[PDB]
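Now for the letters of each chain:
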Amino acid sequence: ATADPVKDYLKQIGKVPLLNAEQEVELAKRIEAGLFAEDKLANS
DNA sequence: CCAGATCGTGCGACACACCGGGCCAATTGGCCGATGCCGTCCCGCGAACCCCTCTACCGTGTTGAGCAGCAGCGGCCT
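How each quantity is defined
Residues numbered from 1 in each chain as written, not as in the entry; some residues may be left out. Chains lettered and ligands numbered in written order. Part of a larger assembly, values for the part shown. Heavy atoms only, no water. Patch = residues over 30% accessible without salt bridge, like charges linked within 9 Å, V, L, I, M, F, W, Y side chains within 5 Å. Areas by Shrake-Rupley, 256 points an atom, 1.4 Å probe, with all protein chains shown as cover. Salt bridge = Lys/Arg side-chain N within 4 Å of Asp/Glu carboxyl O. Helix = DSSP H or I, 4+ residues; strand = E, 2+ residues; numbered from the N terminus. Near = heavy atom within 4 Å. Polar contact = N/O pair within 3.5 Å; in protein donor to acceptor, adjacent residues only side chain to side chain. Nonpolar A, V, L, I, M, F, W, Y, C, P; charged D, E, K, R; others polar. Buried < 20%, exposed > 50% of the residue type's maximum accessible area, 1.4 Å probe, protein only.

- cryo-EM is the method the PDB entry lists for this structure, together with a resolution of 3.18 Å.

Have a look at this one:
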C-alpha cells in the first residue's frame, strides 16, 4: 500500500517474464485441447 | 298724490295624470337546413441515428504555532 498505485501496478506486472513464439503456440494448443476435453466431459 | 310690482282671483289652455284599452313598428335570434374546408390519424417510404463488430509485418515500464501519537533507542531488571 503506497500513495501511488501506478508504481505498485507497474512493479507488480514485471515479475512474470516474457514468452517466445514456440511457447505461445504450445500454450494455444494446450488451451484448445483443454477446451475440447471440457466439451467431451460435458458429453454424458 | 298715485301707478306699476306683487299678489289675489279668474278664465282658459293645456302638458300631460291617470289607468285602462287595442292594435302595431322595429327588431328580432335562434341555428332549420344545406353546403364546404380543416384537424386528426394511419400508413408509406426514406434519411439519419445510434449500437455492435472486426484488422494478423510489429509492437512488451508512469509558515508559524500549537497539540498529539508512533518508532527508535539508552538503560534497568530479571
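What follows picks up the thread again.
1. Comments concerning a nonpolar patch on the surface
So, step 1. On the surface, a nonpolar cluster with roughly 430 Å² of combined accessible area is contributed by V6, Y9, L10 and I13.
So, step 2. Among the structural elements, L10 can be located in helix α1 (residues 5-13).

2. A short note on the protein's contact with DNA strand B
So, step 1. The local shell around DNA strand B consists of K7, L10, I13, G14 and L18.
So, step 2. Among the atoms of DNA strand B lying within 4 Å of the protein, the sugar-phosphate backbone contributes 11%.
So, step 3. Between DNA strand B and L10 there is a distance of 3.3 Å, counted from a base nitrogen to a backbone nitrogen or oxygen.
So, step 4. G14 is positioned with one of its backbone polar atoms (N or O) 3.2 Å from a base nitrogen of DNA strand B.
So, step 5. Considered class by class, the residues forming the surface near DNA strand B number 3 nonpolar, 1 polar and 1 charged.

3. Some points on the pattern of salt bridges
So, step 1. Counting across every chain of the model gives 2 salt bridges.
So, step 2. Of the charged contacts in the structure, one is a salt bridge between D8 and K11, with a shortest N-O distance of 3.0 Å. Of the two residues, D8 and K11 are both situated in helix α1; the distance of 3 residues between them amounts to about one turn of the helix.
So, step 3. Note that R30 is salt-bridged to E26, the shortest N-O span being 3.4 Å. Residue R30 and its partner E26 are both found in helix α2 (residues 21-42); the two are separated by 4 residues, about one turn of the helix.
So, step 4. Its relative accessible area of 52% is what places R30 among the exposed residues.

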